[PDB]
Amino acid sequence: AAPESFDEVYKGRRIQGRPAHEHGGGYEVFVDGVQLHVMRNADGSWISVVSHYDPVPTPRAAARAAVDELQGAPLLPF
């Protein structure tokens, strides 16, 4: 079962998540309208391509970790 969708402004960035060269994926995250690749691990944790080696519990946590990583910079699409 897919996580719930979310939509908030975090650190001045719009982050959105929704159930849906890279894995044909089951959940989508966007940072200011640019899609961020995210992945779920077998234990139910999540990562994103900008914080790949550091699992976090949820897709919203991965989106927030990506906004923290970006330090205001635009994401480039994958």
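Start at 1 and count along the sequence shown; that's the residue number.
Chemist: Could you find out if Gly25 - modelled in this structure - is missing from at least a third of the other PDB entries compared that contain residues on either side?
Modeler: Yes, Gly25 lacks coordinates in at least a third of the other compared entries that model both of its neighbours.
Chemist: For the stretch from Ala20 to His21, please bin the deposited residues that the model skips: none, 1 to 3, 4 to 9, or 10 or more.
Modeler: 4 to 9 residues are missing.
Chemist: Looking at the entry, does 11 to 19 or 59 to 67 show the higher mean C-alpha B-factor?
Modeler: According to the entry, 11 to 19 carries the higher average C-alpha B-factor.
Chemist: Could you settle it for me: does 22 to 30 or 43 to 51 have the higher average Cα B factor in the PDB entry?
Modeler: Averaging CA B-factors over each stretch, the winner is 22 to 30.
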